[PDB]
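Chemist: Before anything else, here's the structure in question.
Residue numbers (the numbering used here): 1 to 87.
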């Protein structure tokens with residue numbers, strides 16, 4: 001069961017969009033649909049997590065990214081997050 005946590009520990013998946021305006025720390029292998037627009041960077045503690053976001057909104061341009069241990073993401077403001085899957 002995926003739940004929005006404010007990072008209570010270390011080594012988890014985090015997503016800060018809006019140029020680092022709103023961050024979202026997720027935990028547990030749980031997997032649920034999420035919406036994150038303006039993805040600038042994402043954290044990935046010593047855990048593998050899959051991020052499901054739609055590059056373009058107008059077009060169903062689905063894009064998947066796998067974050068490795070202590071992996072991070074820094075695209076440049078992503079439209080919005082579709083769902084989040086944790087391994």
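Note that CB positions come from ideal geometry on N, CA and C, so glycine has one too.
When you compare only the Cα positions, how much space is there between residue 55 and residue 36?
Modeler: Roughly 11 Å between the two C-alpha positions.
Chemist: Can you tell me the Cα-Cα spacing of residue 6 and residue 26, whole angstroms?
Modeler: Those two C-alpha atoms are separated by around 8 Å.
Chemist: If distances are taken between C-alpha atoms only, which option among 39, 50, 2 comes closest to residue 66?
Modeler: With distances taken between Cα atoms, residue 66 lies closest to 50.
Chemist: So, helix, strand or coil for residue 41, using DSSP?
Modeler: Correct three-state label for residue 41: strand.
Chemist: Just to check my reading of the structure: residue 31 and residue 81 have Cβ atoms closer than 8 Å, yes? What is that Cβ distance to the nearest angstrom?
Modeler: Their Cβ separation, rounded to whole angstroms, is 13 Å, which puts residue 31 and residue 81 out of contact at 8 Å.
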